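Here are two versions of the same chain, shown separately as structure tokens and labelled structure 1 and structure 2.
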Structure 1
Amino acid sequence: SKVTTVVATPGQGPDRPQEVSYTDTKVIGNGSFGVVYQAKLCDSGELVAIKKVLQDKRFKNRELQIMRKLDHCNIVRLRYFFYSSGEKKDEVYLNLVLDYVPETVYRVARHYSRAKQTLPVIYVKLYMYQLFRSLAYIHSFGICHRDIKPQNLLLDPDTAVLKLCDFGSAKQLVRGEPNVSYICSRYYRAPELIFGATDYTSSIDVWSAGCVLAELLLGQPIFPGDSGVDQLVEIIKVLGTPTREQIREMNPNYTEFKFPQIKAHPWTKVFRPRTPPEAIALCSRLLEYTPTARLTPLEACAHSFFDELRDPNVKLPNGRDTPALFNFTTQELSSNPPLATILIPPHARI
């Protein structure tokens, strides 16, 4: 197989470009951005993902600037970036070299669902906790991901490490500067966005995360809307109709859907009989109409649903130890530093 050699720039640290060689390139996704590849690095043998995107030569890439400032165990690492030219004049591609992770939450959840099985609650705890950690970290910079869904939750089945990926929709949210409302993948889209809100906060990711939790407990998407508007109908069938106060808290640009009143479906009746109460409780505090009433990612990590993960005798079902769940930096605690007593249990303290 033919080797490609590029002069690529490290994602972290100062601009010191290095020769990087790779081989065994194969197409593994596409989208409006362009195309994504798998590849193997010649020197180490380690697998990588390569996001190739058509980038204008004048303007700076938003996703690149976000990826260069992030360093976290639950976020896919930008190893390198490089530029490659096109056939046409002034046609430049940005290439982001990211670490390869062999599975996703989507694929794993679908394995259980096709076999008529529930994902064990230990994995639900592990995967959701690490998601809320990834969100606590990005939100502390004012970065909102805006595309939290199972396909963007990468995982290693042997270690149970979860890595958040695809920062193509992500943005530094600035109070008083508008943002687009038609954002996020439909099933995971917060209700304020469906009402056309352009002044929204990082709590949209917490809604999205709540939808992921519910999906893993149910074995299927909780709000499977067949269009942008029917998405609200599906939410209403569980949560009930939002009150005018709740509609006002969502900061809408239009409220002329003309929906009939529907009563809330009790949270216990949504899920299976044997669903743990703490899972239901956590889900009730994530899937809230009022965006400010939702738990922060750090408060979510501290919920009683994740207590099993803080128990010193916890192991994975394959025999191995759990990943590093407690090495919290000051940056990731900055929203609420008194939560460290709950988040870092006695045996994990330093």
Structure 2
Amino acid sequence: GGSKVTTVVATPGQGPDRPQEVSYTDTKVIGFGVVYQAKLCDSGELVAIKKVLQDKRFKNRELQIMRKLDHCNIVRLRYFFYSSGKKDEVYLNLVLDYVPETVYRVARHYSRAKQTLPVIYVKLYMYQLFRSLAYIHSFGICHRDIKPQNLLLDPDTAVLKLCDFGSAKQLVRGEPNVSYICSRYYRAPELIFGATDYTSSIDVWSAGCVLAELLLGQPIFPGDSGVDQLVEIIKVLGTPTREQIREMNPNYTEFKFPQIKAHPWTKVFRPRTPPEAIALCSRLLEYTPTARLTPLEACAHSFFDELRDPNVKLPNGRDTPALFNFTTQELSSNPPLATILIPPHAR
């Protein structure tokens, strides 16, 4: 509680379900559930506690996803436990690692100063994001809410962690999913068209929007609504062809859309933007979902070559965070890419 100590029987987020007593203190409300910050008594480490109503007749979707995951670029589920409310009401409590900053907050610092994030950080943040996406996608899990607000950031170590799996779902080919998902600025165009048979490549579109935003200093597609979101995309990429539209949603064959020319892609970004950043962005923000890079292919992109330099260091004089501890799971979509991904000095 506030300055009381609360002791609960909680299950560790990894391994078998053997609950044990866990104590925490210093609860403070941060913000469809409720989110608290707390301190674990045994270690003093700060945690976030997400508390949501949970019906006993089914298992929490977010919890079942979180328990599968163990990756340095994904927020850790330390524990989970259940608590009470209204007659027979039960809350699920997800005890997550607490990280003080996000990419949203850090990038907003540079915007208000009218400045741009130095590209070394763009490389570091996007690389770790793509690693987290390769990892979750290897399980069939789509995050469905990739945006700067869901990218935890430790500014001292430059470690990035993907968080807020409340929208995430295991996508199964042949089973429909909801189309009004993802935050609007980062929503893939096939979702805007109302596709229900989409794939994990919607996360790659969202990541491309994040990369563009970090390069630009503001969201690249600031739509006023679902339809205006697509208009904003079209103002940059031009009208999708009839073919690209069919690849996004095959239900628009009786319609011919006005032809808008694409903006010159280099003129979208500031003059000195690295060409490899622009090239990577163009391979993420593709209308045709199957044309987008996979997360693992994105990690191998030339834009991240600086991160594989043996002499690379953070601007604060510290070593780079873990970048090359790839697992078989993470590499499973294209294992030979490890020849690029793991440099000789990292073996």
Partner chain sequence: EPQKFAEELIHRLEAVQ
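We call the rigid core the largest set of C-alpha positions that still match within 1.5 Å between the two forms. Only residues modelled in both forms are compared. Sequence positions of structure 1, starting at 1, serve as the residue numbers.
K.L.:
Among the two displayed forms of the chain, which is the form solved without its partner chain?
P.N.:
The chain shown first - structure 1 - is the form that fits the description.
K.L.:
Please find the residue from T159, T118, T255, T198 showing a Cα shift of 2 angstroms or more between structure 1 and structure 2, rigid core superposed.
P.N.:
Per the superposition, the moving residue is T255.
K.L.:
By how many angstrom does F59 shift at its CA between structure 1 and structure 2 when the core is held fixed?
P.N.:
Here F59 registers a C-alpha shift of 1.6 Å.
K.L.:
Name, in sequence order, the runs of three or more consecutive residues whose C-alphas all shift 2 Å or more between structure 1 and structure 2, counting only residues present in both forms and superposing on the rigid core.
P.N.:
The run that moves is 251-260, and no other.
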